[PDB]
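Contents: one structure, followed by commentary.
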Amino acid sequence: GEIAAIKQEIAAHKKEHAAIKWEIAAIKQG
Amino acid sequence: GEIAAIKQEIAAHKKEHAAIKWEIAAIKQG
Amino acid sequence: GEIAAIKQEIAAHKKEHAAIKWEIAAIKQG
Ligand SMILES: [Cu+2]
Ligand SMILES: [Cu+2]
Ligand SMILES: [Cu+2]
């Protein structure tokens, strides 16, 4: 339940990390 | 107490999400 | 253990906050 929903959370935070780095790269390659 | 301060936390993270999207938009409309 | 690893976490989130502000400043001073 809980430990799982924390893992589901680490999932989306890993994404969110990657997405912000991509958005920052793309601003610089614009 | 705890469940409340977690909700107080989801509050500020929602903001923080919006603020970063606004800062990224504004860089592109600059 | 837990309270400590939460504090270790607040550590890295403070950083992460500063790092994103620096990356945004530097895009604007580019
Ligand atoms: Cu993070
Ligand atoms: Cu987030
Ligand atoms: Cu944050």
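Letters for chains follow the order of the structure tokens (A, B, ...), residue numbers begin at 1 for each chain, and ligand numbers begin at 1 in the order shown.
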
List every residue of chain B that has an atom at most 8 Å from any atom of ligand 2, and for each one report the closest atom pair and its distance in Å to one decimal, counting only C-alpha atoms and all ligand atoms, with rows sorted by chain and then by increasing residue number, as CSV.
residue,atom,partner,partner_atom_place_in_ligand_line,distance
B:13,CA,ligand 2,1 (Cu),6.0
B:14,CA,ligand 2,1 (Cu),7.4
B:16,CA,ligand 2,1 (Cu),7.5
B:17,CA,ligand 2,1 (Cu),6.0

What are the nearest atom pairs, with distances in Å to one decimal, for all residues of chain C that come at most 12 Å from chain B, using only C-alpha atoms, set out by chain and rising residue number as JSON lines?
{"residue": "C:13", "atom": "CA", "partner": "B:13", "partner_atom": "CA", "distance": 11.7}
{"residue": "C:17", "atom": "CA", "partner": "B:16", "partner_atom": "CA", "distance": 9.8}
{"residue": "C:20", "atom": "CA", "partner": "B:20", "partner_atom": "CA", "distance": 8.9}
{"residue": "C:21", "atom": "CA", "partner": "B:20", "partner_atom": "CA", "distance": 9.5}
{"residue": "C:23", "atom": "CA", "partner": "B:24", "partner_atom": "CA", "distance": 11.1}
{"residue": "C:24", "atom": "CA", "partner": "B:23", "partner_atom": "CA", "distance": 8.0}
{"residue": "C:25", "atom": "CA", "partner": "B:27", "partner_atom": "CA", "distance": 10.1}
{"residue": "C:26", "atom": "CA", "partner": "B:27", "partner_atom": "CA", "distance": 11.2}
{"residue": "C:27", "atom": "CA", "partner": "B:27", "partner_atom": "CA", "distance": 8.0}
{"residue": "C:28", "atom": "CA", "partner": "B:27", "partner_atom": "CA", "distance": 7.3}
{"residue": "C:29", "atom": "CA", "partner": "B:27", "partner_atom": "CA", "distance": 11.1}
{"residue": "C:30", "atom": "CA", "partner": "B:27", "partner_atom": "CA", "distance": 10.9}
